[PDB]
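All heavy atoms count here, side chains included; hydrogens, waters and symmetry mates do not. Below, chains carry the letters A, B, ... as their sequence lines are ordered, and counting in each starts from 1.
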Amino acid sequence: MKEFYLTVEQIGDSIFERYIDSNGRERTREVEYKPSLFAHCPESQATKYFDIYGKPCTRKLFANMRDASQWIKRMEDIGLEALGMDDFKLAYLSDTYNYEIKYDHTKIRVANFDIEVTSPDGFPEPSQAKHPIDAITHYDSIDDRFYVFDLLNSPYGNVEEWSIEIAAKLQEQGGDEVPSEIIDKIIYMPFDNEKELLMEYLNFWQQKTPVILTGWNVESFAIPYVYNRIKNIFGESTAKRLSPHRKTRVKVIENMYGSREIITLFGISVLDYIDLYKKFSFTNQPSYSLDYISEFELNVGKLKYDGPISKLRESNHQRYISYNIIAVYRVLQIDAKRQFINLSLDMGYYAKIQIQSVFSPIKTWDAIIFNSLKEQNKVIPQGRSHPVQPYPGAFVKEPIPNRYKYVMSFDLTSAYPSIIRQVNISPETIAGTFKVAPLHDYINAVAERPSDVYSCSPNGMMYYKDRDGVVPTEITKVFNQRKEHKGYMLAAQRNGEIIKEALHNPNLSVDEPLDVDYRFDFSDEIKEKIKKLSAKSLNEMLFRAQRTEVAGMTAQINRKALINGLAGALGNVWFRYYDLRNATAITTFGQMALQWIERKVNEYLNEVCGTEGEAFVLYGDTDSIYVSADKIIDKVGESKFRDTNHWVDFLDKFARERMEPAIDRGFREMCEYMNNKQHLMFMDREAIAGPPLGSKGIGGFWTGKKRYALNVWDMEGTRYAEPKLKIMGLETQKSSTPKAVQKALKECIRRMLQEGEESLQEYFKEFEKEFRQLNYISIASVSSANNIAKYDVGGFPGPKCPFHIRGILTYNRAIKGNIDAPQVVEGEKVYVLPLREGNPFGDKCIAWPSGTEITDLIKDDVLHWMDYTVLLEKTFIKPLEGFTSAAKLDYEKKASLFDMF
DNA sequence: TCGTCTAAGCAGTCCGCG
DNA sequence: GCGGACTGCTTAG
Ligand SMILES: Nc1nc2c(ncn2[C@H]2C[C@H](O)[C@@H](COP(=O)(O)OP(=O)(O)OP(=O)(O)O)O2)c(=O)[nH]1
Ligand SMILES: [Ca+2]
Ligand SMILES: [Ca+2]
Ligand SMILES: [Ca+2]
Ligand SMILES: [Ca+2]
Ligand SMILES: [Ca+2]
């Protein structure tokens, strides 16, 4: 097999690399890597190295990495560009792995761990590490084993050994329900003291040294706690054994309001799963506790115990250990589903970066582009300092707030990357500028043609057409990968709909789920077999189809995020290829493209319907248009359709055979007008929306920009078994909206869109009557909480104190003196409830840490004083009045002359 | 919330608006 | 009450 790196570090003048050799074995080596950098040189000097602009360069070979770094400094002192890859480990990987890396994940040691620390006096601060570590569960992916290190004797209590037999039993047997599929994979090690536990942990770690290290909050909690605790007990040298190169660094992570410390372990790649989840999941959650996320992702019940966590070990050590094991397993289950580790390895090896660098699109693109240019003996420019400057983005059309019965939407495939490719936008392809007309003049094709030579953007930039820039070349490669995975995702989705249909008629038999690849559209043979399957088999198949869809989603959406991130990186001052000329070339072209095509679509449809000045495009945002199809349906007449699926078919056909060819023609003209390199503006139909045939549903509504709802029957070629709501921006989609309120508002919208006014009025009346019985957590608003200290004046709200911060201050006063009460953590999320006039808390609201029950000390008082009236008006009635006034209907029945009887 | 970008919505504070 | 200036937070893209 081909060799591949596991980790790489620079330590002084050495590269330390862990790698898999040609025999599949893990090795480590120290290499006195001599880096090269570059300087511009005269024409007369013959060289093979050229900078991205074609200027000749001489290569400078350094005796060591420190010499190279010092040279860079002196070049700055002189005022001359020092060219080349200044991150020497990236240069090392590029030299050592000069081919497309094929990696074997089965050889990569992925460790998932979690620790427990009993603490009487509140949260155990990792930088202090003053409390014993009393449990560690460490899963090793190569062994496929959970290694459990259990402390039996502690200053906080002596306990009995954990029992695997009780752990395996049902909760209803008094057991812990540790899943049977992991029972035989547990290696349990009890210890009579913490020193021996930690010494044995370190010896184990030496034997089974993680390459990828993950878990939940491991970077901010578990790693620093373990490092600092070992440091406190044994000294620094012992703690540094967590690094295979015995080198660690405290790294200060800074943000707007403060900073925190993490421990960098040289020779390990830490990918904290909470951070992987935040970057790759495309969710915004009210809480990021593992229990909350586990419930959301896996539909598993919260890990239930009595008393505070600080007393769990002494009261129920059995459960304490079991829950530690389950916590580790839950992260593995989330990963089995989401496949974020797989994604990280894919992107990391593709770019040839340290795997942990997948968190940084700038680092990722820097490496991809460097490797690409190096292949042609081209030399990358020095990174420069730039001041942060605002620049313009997308165009968003102001919609007329209204109901919209029939809607078809269209949008560009990978819009910004396609613009980069079409225009040929790259650092080295800038050809010059032209005199810009107002955007409106390009949109309306009255401005003079920008260039007869170069490819243009309406921001005034011109680009070479003779050859692809490195940015278009590399962005295309990742786009092609994204397209492959999106294909698999969409097939799995369509396959899921076939199974849902079959589930209407499940057969009474005992059989098995079919062994199929859900990434490919089901053959006729498979479809026939599906129609004969039991509900049990069909449901298992649906689960598997949906898991395949999730895997495809992760792979496609994050590759889309990577390529969109390059468009963004061009507008970030830390990017080597920062250039506001290019960043704005993209966004300004986009503004034109949208408004150009709005004009073209309106023109096409006015012609088809034989009208003039009629607005068919009702809305658009960035790269999308929403077209009213009422007139198209009416040209046929509703009574001519057999059912809903019949008109959906008709619109699908109209979009594919009439609309899209008109759109394509419109964009081809725009490409010619801008003299672009290649036509790549592909605006395919997204949604087909409308009410059920014969219903009083309104189909859709807009309240304003980025705020709308649509009843969708077909989405990107997926024909749904049941209509699905596409809701954007409304309160149902916001993590700040109470859970039960999102639910209720979604049902109000469903009724509006599918059933009509009377149905909405029936539901509203019921919700208003019953909502006070809803659990307090389900009706609490959620907010992130920043700058709590800024607004805290002697425990009371200072000037301009935000509502949620006021709630936190109320909470802090209510729990004052308690070392044990859950503290609100700066920058994390809180639940917020309004309080009735004259409450004991002395203010109008209270807030507490999200994802948790409020502490028992005050729970009773909160429940008693919760202001249901304010809650209802603010979170439910206000948004609903917004929806209904936009859609021109009433959520309450107005009086009529019929009331006289 | 360490980690690519801008546009734009709504909640809430403070205070004007005769 | 509402709106604007402003902060804070959260979306759509
Ligand atoms: N710089 C930057 N631009 C973004 C980001 N998200 C969206 N955009 C811009 C770039 C996208 O191409 C454009 C349109 O967004 P879409 O959500 O329609 O995605 P896109 O067209 O890329 O992919 P699609 O093929 O429609 O799934 O909006 C981002 O995180 N950073
Ligand atoms: Ca725990
Ligand atoms: Ca798009
Ligand atoms: Ca599409
Ligand atoms: Ca059947
Ligand atoms: Ca779009």
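Between A:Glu826 and A:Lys734, the residue anchored nearer the 5' end of DNA chain B, judged by the nucleotide with its closest heavy atom, is A:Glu826. For the pair A:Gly571 and A:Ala785, nearest-nucleotide mapping onto DNA chain B gives the more 5' position to A:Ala785.
Put simply, A:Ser736 has no side-chain N or O that comes within less than 4.0 Å of OP1 or OP2 on B:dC10. The phosphate of B:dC5 (OP1 or OP2) has a side-chain N or O of A:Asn572 nearer than 4.0 angstrom. Within the 4.0 Å cut-off from OP1 or OP2 of B:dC2, at least one side-chain nitrogen or oxygen of A:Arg260 is found. In terms of phosphate contacts, A:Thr622 brings no side-chain nitrogen or oxygen within less than 4.0 Å of OP1 or OP2 of B:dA7. Listed pair A:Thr587 / B:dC5 fails the phosphate criterion, with no side-chain N or O lying under 4.0 Å from OP1 or OP2. Contact annotation: A:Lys844 side-chain N/O to B:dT13 OP1/OP2 distance is under 4.0 Å. Not one side-chain nitrogen or oxygen of A:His804 sits closer than 4.0 Å to the OP1 or OP2 atom of C:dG8. Of the side-chain N and O atoms in A:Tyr791, one or more sit less than 4.0 angstrom from OP1 or OP2 of C:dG8. Phosphate contact (OP1/OP2 of C:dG8, side-chain N/O of A:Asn786, threshold under 4.0 Å): absent.
With centroids closer than 5.5 Å and planes inclined by less than 30 degrees as the test, A:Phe803 and the base of B:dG12 fail to qualify as a stacked pair.
A:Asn572 and A:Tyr578 form no side-chain donor-acceptor contact under 3.5 Å, judged by distance and modelled atom types alone. A:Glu428 and A:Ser426 form a side-chain donor-acceptor contact under 3.5 Å, judged by distance and modelled atom types alone. Side-chain contact, A:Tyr831 with A:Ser781: no donor N or O sits under 3.5 Å from an acceptor N or O.
Summarising the local packing, CD1 of A:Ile400 is surrounded by 12 or fewer heavy atoms from other residues, nucleotides or ligands at distances under 6.0 Å. Counting heavy-atom neighbours within 6.0 Å of A:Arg249 CZ, excluding the residue itself, gives a total of 12 or less.
With hydrogens and angles ignored, a donor-acceptor pair closer than 3.5 Å exists between the side chain of A:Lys800 and the base of C:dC6. Residue A:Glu219 places a side-chain atom within donor-acceptor reach of the base of B:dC2, judged by atom type and a 3.5 Å distance cut-off alone. The base of C:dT10 is not paired with the side chain of A:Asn284 by any donor and acceptor separated by under 3.5 Å.
Using the sign of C1'-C2'-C3'-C4' as the criterion, B:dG12 falls on the south side of the pucker cycle. Pucker assignment for B:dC14 gives south. The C1'-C2'-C3'-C4' angle has a negative sign.
When heavy atoms are screened at a 4.0 angstrom cut-off, A:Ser735 is found touching the sugar-phosphate backbone but no base atom. At the heavy-atom level, A:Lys874 lies under 4.0 Å from the strands shown only through sugar-phosphate atoms. At a threshold of 4.0 angstrom between heavy atoms, the contacts of A:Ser784 include nucleobase atoms, whether or not backbone atoms are also involved.
The side chain of A:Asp621 has C:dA12 as its nearest neighbour among C:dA12, B:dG3, B:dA11. For A:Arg707, the side-chain atoms get nearest to B:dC10 when compared with the rest of B:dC2, B:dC10, C:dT11.
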task = List the steps and the verdict of side-chain hydrogen bond (donor to acceptor under 3.5 Å, both in side chains) for A:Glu254 and A:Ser259.
result = CA-CA 4 Å; A:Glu254 299 186 336; A:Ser259 70; 5.1 Å; no
